[PDB]
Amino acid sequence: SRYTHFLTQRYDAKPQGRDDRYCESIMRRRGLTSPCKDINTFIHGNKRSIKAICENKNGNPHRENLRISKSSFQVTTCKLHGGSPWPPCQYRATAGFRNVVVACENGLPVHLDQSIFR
């Protein structure tokens, strides 16, 4: 439930571009444009690795009740451009590659900490 919603909001397995136009498309596809979300980051790659963050084989405890990954992931950060509060929402894409901070419930990721992505 919260896991499927995490994936919806935060996981794109195999993107192609990761350019501005990619962000604008996926923010709409995934229902993050009512209202226009200020910033959102998607994790790429394989799903079992992200699940693994909630175990000891890919995660460490972090701050208050979070977990931070041992391995790095391809990520894309979509940053709202030009103050649109409601659609059409315009976005600027920054691709990166780093470890990720999540929260886990019942051994599955359910929240992504945006703050590590500026």
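The numbering used is simple: start at 1 and walk along the sequence shown.
Taking the recorded C-alpha temperature factors, which stretch has the higher mean, 36-44 or 50-58? Going by the record's values, the stretch with the higher mean is 50-58.
Comparing 67-75 with 86-94, which stretch shows the greater average C-alpha B-factor in the deposited entry? Stretch with the higher mean C-alpha B-factor: 86-94.
Place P15 in the lowest, middle or highest third of its chain's C-alpha B-factors, as listed in the PDB entry. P15: CA B-factor falls in the highest third of its chain.
Considering only modelled residues of the same chain, in which third does the CA B-factor of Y3 rank: lowest, middle or highest? Middle third by C-alpha B-factor.
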